[PDB]
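Asker: Take a look at this one; I'll ask things after.
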Amino acid sequence: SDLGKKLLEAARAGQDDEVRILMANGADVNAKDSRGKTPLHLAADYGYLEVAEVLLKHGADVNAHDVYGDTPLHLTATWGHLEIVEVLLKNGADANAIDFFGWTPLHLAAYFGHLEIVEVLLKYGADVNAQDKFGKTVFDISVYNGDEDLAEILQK
Amino acid sequence: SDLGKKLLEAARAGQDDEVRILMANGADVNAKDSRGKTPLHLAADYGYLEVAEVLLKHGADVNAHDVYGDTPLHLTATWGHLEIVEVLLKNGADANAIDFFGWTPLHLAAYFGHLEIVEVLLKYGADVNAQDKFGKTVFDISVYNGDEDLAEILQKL
Ligand SMILES: COc1ccc(C(=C2C=CC(N(C)C)C=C2)c2ccc(N(C)C)cc2)cc1
């Protein structure tokens with residue numbers, strides 16, 4: 001409630017010290033804002049690595065979905081935060097999580113050309129044959145984007 | 001600075017009364033957050049029409065860009081806020097502004113199937129032949145998305 005609101009603002013601001021103080025006083029680690037985003041969503045969205053590690057250590061749901069079905073891994077794969085992608089997958093983030101558009105984090109990472117995240121997601125079991133609600137796979141994204149370096153990864 | 005931070009949080013929360021108080025207090029209408037978004041960006045992002053009109057009445061930059069080159073019109077075209085799209089265009093928003101991906105607001109509206117915003121942008125001079133940095137037009141989006149209704153709007157031009 002009130003502590004959950006201050007935790008969402010502290011996570012959005014990248015204040016890891018403020019997040020630690022809120023955790024010791026029983027703040028809801030999985031409080032949701034107006035779009036269903038948890039503090040881990042915001043730390044993953046803005047690239048706050050040290051904030052995400054504090055949240056995950058205190059029981060943050062690594063596979064929490066917002067109102068659009070996006071997980072914290074969906075947001076990191078969009079903005080290209082390689083270090084947080086690694087921390088999420090180490091804490092049990094589902095590489096095949098799916099939002100309301102049918103997108104896996106592999107879809108969003110392939111759309112925005114974050115190939116280093118694509119290979120890490122493949123290492124953790126991301127399915128290349130997964131189709132979104134528009135019948136698109138990662139192969140179709142490489143053709144649409146003309147990304148030869150992505151198609152060269154999928155060929156292996 | 002201090003007042004601009006509170007204006008950004010007030011616009012993100014949709015408190016048009018709190019915004020008007022900070023406006024009269026001398027807050028910077030074009031204050032930016034860590035991603036370069038103005039209060040008009042946030043009001044356009046979350047669909048707060050009354051907040052966006054208050055900002056525009058007090059000299060908000062209708063064509064402000066964030067760190068990724070997105071204008072408030074780019075955000076409304078993404079989230080399908082039709083009422084704010086018309087308000088921005090009535091206040092002089094560039095209907096053909098591009099971001100770092102070369103996307104016009106017509107590209108983002110066509111990607112997310114916001115056909116009402118597509119036609120409104122066309123009424124304000126949006127170029128259908130505009131290509132992004134990947135050589136994509138709204139015709140390529142209609143074929144890629146398989147949007148029957150979008151391709152029907154484009155062929156009637
Ligand atoms: C704000 O977060 C996002 C998320 C996705 C996109 C985007 C798409 C792609 C496919 C879409 N549909 C509904 C088929 C809808 C939206 C997209 C389209 C093209 C590219 N390229 C070619 C780099 C990247 C992303 C845009 C922004």
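A note on labels: chains of the structure tokens are A, B, ... as shown, every chain counts residues from 1, and ligands are counted from 1 in their shown order.
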With 8 Å as the limit and counting only C-alpha atoms, what residues in chain A lie close to chain B? Please list them as a ChimeraX atom specification.

Answerer: /A:134,144-146

Asker: Produce as number ranges by chain the set of residues near ligand 1, where near means within 10 Å with only C-alpha atoms and all ligand atoms considered.

Answerer: A: 74-75, 78-79, 101-103, 107-113, 132-136, 141-147; B: 75, 78-79, 101-103, 107-113, 132-136, 141-142, 144-147

Asker: Could you write out that same residue set with C-alpha atoms as a PDB file, in the first residue's frame?

Answerer:
```
ATOM      1  CA  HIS A  74      10.551  -8.914 -21.430  1.00  0.00           C
ATOM      2  CA  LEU A  75      11.558  -5.372 -20.472  1.00  0.00           C
ATOM      3  CA  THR A  78      13.698  -4.724 -25.113  1.00  0.00           C
ATOM      4  CA  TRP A  79      16.184  -2.127 -23.835  1.00  0.00           C
ATOM      5  CA  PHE A 101       1.072 -10.160 -27.981  1.00  0.00           C
ATOM      6  CA  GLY A 102       2.460 -13.705 -27.921  1.00  0.00           C
ATOM      7  CA  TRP A 103       6.015 -12.368 -27.599  1.00  0.00           C
ATOM      8  CA  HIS A 107      11.009 -11.984 -29.846  1.00  0.00           C
ATOM      9  CA  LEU A 108      11.682  -8.577 -28.286  1.00  0.00           C
ATOM     10  CA  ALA A 109      15.446  -9.154 -28.209  1.00  0.00           C
ATOM     11  CA  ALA A 110      15.387 -10.171 -31.883  1.00  0.00           C
ATOM     12  CA  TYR A 111      13.235  -7.183 -32.856  1.00  0.00           C
ATOM     13  CA  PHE A 112      15.658  -4.682 -31.292  1.00  0.00           C
ATOM     14  CA  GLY A 113      18.802  -6.454 -32.513  1.00  0.00           C
ATOM     15  CA  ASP A 132       3.305 -14.797 -31.463  1.00  0.00           C
ATOM     16  CA  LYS A 133      -0.357 -13.967 -32.060  1.00  0.00           C
ATOM     17  CA  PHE A 134       0.694 -12.920 -35.595  1.00  0.00           C
ATOM     18  CA  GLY A 135       2.378 -16.188 -36.593  1.00  0.00           C
ATOM     19  CA  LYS A 136       5.847 -14.638 -36.328  1.00  0.00           C
ATOM     20  CA  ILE A 141      11.929 -11.198 -37.517  1.00  0.00           C
ATOM     21  CA  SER A 142      15.374 -11.704 -39.062  1.00  0.00           C
ATOM     22  CA  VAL A 143      13.780 -11.689 -42.519  1.00  0.00           C
ATOM     23  CA  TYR A 144      11.663  -8.617 -41.763  1.00  0.00           C
ATOM     24  CA  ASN A 145      14.568  -6.725 -40.178  1.00  0.00           C
ATOM     25  CA  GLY A 146      17.122  -8.003 -42.698  1.00  0.00           C
ATOM     26  CA  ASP A 147      19.373  -8.952 -39.771  1.00  0.00           C
TER      27      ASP A 147
ATOM     28  CA  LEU B  75       3.646   7.590 -27.397  1.00  0.00           C
ATOM     29  CA  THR B  78       1.658   3.409 -29.537  1.00  0.00           C
ATOM     30  CA  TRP B  79      -0.948   3.150 -26.755  1.00  0.00           C
ATOM     31  CA  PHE B 101      14.397   4.062 -35.417  1.00  0.00           C
ATOM     32  CA  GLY B 102      13.092   6.337 -38.176  1.00  0.00           C
ATOM     33  CA  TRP B 103       9.532   5.659 -37.015  1.00  0.00           C
ATOM     34  CA  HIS B 107       4.485   3.675 -38.191  1.00  0.00           C
ATOM     35  CA  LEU B 108       3.748   2.999 -34.518  1.00  0.00           C
ATOM     36  CA  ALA B 109      -0.018   3.311 -34.969  1.00  0.00           C
ATOM     37  CA  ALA B 110       0.100   0.900 -37.912  1.00  0.00           C
ATOM     38  CA  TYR B 111       2.238  -1.586 -35.968  1.00  0.00           C
ATOM     39  CA  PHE B 112      -0.244  -1.701 -33.072  1.00  0.00           C
ATOM     40  CA  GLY B 113      -3.371  -1.691 -35.250  1.00  0.00           C
ATOM     41  CA  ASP B 132      12.159   3.950 -41.376  1.00  0.00           C
ATOM     42  CA  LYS B 133      15.788   2.851 -41.038  1.00  0.00           C
ATOM     43  CA  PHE B 134      14.695  -0.658 -42.093  1.00  0.00           C
ATOM     44  CA  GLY B 135      13.034   0.375 -45.359  1.00  0.00           C
ATOM     45  CA  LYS B 136       9.531  -0.196 -43.976  1.00  0.00           C
ATOM     46  CA  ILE B 141       3.501  -3.145 -41.903  1.00  0.00           C
ATOM     47  CA  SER B 142       0.045  -4.029 -43.234  1.00  0.00           C
ATOM     48  CA  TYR B 144       3.719  -8.107 -42.226  1.00  0.00           C
ATOM     49  CA  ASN B 145       0.898  -7.856 -39.676  1.00  0.00           C
ATOM     50  CA  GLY B 146      -1.631  -9.248 -42.157  1.00  0.00           C
ATOM     51  CA  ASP B 147      -3.949  -6.343 -41.319  1.00  0.00           C
TER      52      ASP B 147
END
```

Asker: Give me the residues near residue 139 (chain B) as a VMD selection string, where near means some atom within 9 Å (using only C-alpha atoms) and where sequence neighbours in that chain fewer than 5 positions away do not count.

Answerer: chain B and resid 128 to 129 144 150 to 151 154

Asker: Considering only C-alpha atoms, return as a PyMOL selection string whatever protein or nucleic-acid residues lie within 6 Å of region 32-44 of chain A, sequence-local ones (same chain, fewer than 2 positions apart) excluded.

Answerer: chain A and resi 8+11-12+30+46-48+52+66-67+72+76

Asker: Have a look at B:86, B:50, B:45, B:70 and name the one nearest to residue 18 (chain B); count only C-alpha atoms.

Answerer: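 The answer is B:50, which sits nearest to residue 18 (chain B).
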
Asker: Please report, as an MDAnalysis selection string, each residue of region 4-118 of chain B to which DSSP assigns alpha helix (DSSP H) when run on this structure's backbone.

Answerer: chainID B and resid 4:13 16:24 39:46 49:57 72:79 82:90 105:111 115:118

Asker: Take the residues just selected and output them with C-alpha atoms as an mmCIF file, in the first residue's frame.

Answerer:
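Written file, part-v2.cif:
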```
data_model
loop_
_atom_site.group_PDB
_atom_site.id
_atom_site.type_symbol
_atom_site.label_atom_id
_atom_site.label_comp_id
_atom_site.auth_asym_id
_atom_site.auth_seq_id
_atom_site.Cartn_x
_atom_site.Cartn_y
_atom_site.Cartn_z
ATOM 1 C CA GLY B 4 10.304 19.718 -12.173
ATOM 2 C CA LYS B 5 10.660 16.348 -10.456
ATOM 3 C CA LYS B 6 7.341 16.815 -8.644
ATOM 4 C CA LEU B 7 5.682 17.878 -11.907
ATOM 5 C CA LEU B 8 6.863 14.702 -13.646
ATOM 6 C CA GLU B 9 5.466 12.523 -10.853
ATOM 7 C CA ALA B 10 2.224 14.524 -10.862
ATOM 8 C CA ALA B 11 1.826 14.040 -14.616
ATOM 9 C CA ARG B 12 2.649 10.331 -14.320
ATOM 10 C CA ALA B 13 -0.109 9.956 -11.704
ATOM 11 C CA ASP B 16 -4.286 17.637 -13.114
ATOM 12 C CA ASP B 17 -5.049 19.623 -9.955
ATOM 13 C CA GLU B 18 -1.537 19.043 -8.600
ATOM 14 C CA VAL B 19 -0.122 19.998 -12.012
ATOM 15 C CA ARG B 20 -1.908 23.364 -12.057
ATOM 16 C CA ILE B 21 -0.540 24.121 -8.582
ATOM 17 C CA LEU B 22 3.035 23.438 -9.705
ATOM 18 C CA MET B 23 2.470 25.477 -12.876
ATOM 19 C CA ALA B 24 1.508 28.587 -10.903
ATOM 20 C CA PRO B 39 5.370 15.870 -18.423
ATOM 21 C CA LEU B 40 3.575 15.995 -21.774
ATOM 22 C CA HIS B 41 5.322 12.732 -22.688
ATOM 23 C CA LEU B 42 3.981 11.055 -19.545
ATOM 24 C CA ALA B 43 0.458 12.450 -19.937
ATOM 25 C CA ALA B 44 0.457 11.234 -23.542
ATOM 26 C CA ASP B 45 1.913 7.888 -22.450
ATOM 27 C CA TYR B 46 -0.722 7.072 -19.816
ATOM 28 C CA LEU B 49 -6.134 14.043 -21.627
ATOM 29 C CA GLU B 50 -6.938 16.726 -19.049
ATOM 30 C CA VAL B 51 -3.304 16.829 -17.904
ATOM 31 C CA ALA B 52 -2.037 17.117 -21.485
ATOM 32 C CA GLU B 53 -4.372 20.036 -22.219
ATOM 33 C CA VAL B 54 -3.276 21.909 -19.081
ATOM 34 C CA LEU B 55 0.386 21.499 -20.033
ATOM 35 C CA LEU B 56 -0.214 22.651 -23.615
ATOM 36 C CA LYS B 57 -2.110 25.731 -22.408
ATOM 37 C CA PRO B 72 4.427 12.779 -27.218
ATOM 38 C CA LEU B 73 2.667 11.885 -30.477
ATOM 39 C CA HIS B 74 4.857 8.781 -30.804
ATOM 40 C CA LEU B 75 3.646 7.590 -27.397
ATOM 41 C CA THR B 76 -0.074 8.177 -27.998
ATOM 42 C CA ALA B 77 0.178 6.411 -31.361
ATOM 43 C CA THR B 78 1.658 3.409 -29.537
ATOM 44 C CA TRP B 79 -0.948 3.150 -26.755
ATOM 45 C CA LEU B 82 -7.042 8.827 -29.929
ATOM 46 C CA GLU B 83 -8.297 11.884 -28.030
ATOM 47 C CA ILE B 84 -4.773 13.036 -27.168
ATOM 48 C CA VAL B 85 -3.627 12.415 -30.757
ATOM 49 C CA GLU B 86 -6.091 15.029 -32.016
ATOM 50 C CA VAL B 87 -5.168 17.455 -29.222
ATOM 51 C CA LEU B 88 -1.447 17.209 -30.006
ATOM 52 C CA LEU B 89 -2.053 17.673 -33.736
ATOM 53 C CA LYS B 90 -4.291 20.675 -33.021
ATOM 54 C CA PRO B 105 3.729 8.226 -35.427
ATOM 55 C CA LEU B 106 2.061 6.612 -38.448
ATOM 56 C CA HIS B 107 4.485 3.675 -38.191
ATOM 57 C CA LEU B 108 3.748 2.999 -34.518
ATOM 58 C CA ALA B 109 -0.018 3.311 -34.969
ATOM 59 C CA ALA B 110 0.100 0.900 -37.912
ATOM 60 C CA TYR B 111 2.238 -1.586 -35.968
ATOM 61 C CA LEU B 115 -6.631 2.419 -37.297
ATOM 62 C CA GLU B 116 -8.496 5.451 -35.937
ATOM 63 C CA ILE B 117 -5.171 7.139 -35.166
ATOM 64 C CA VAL B 118 -3.878 6.092 -38.602
#
```
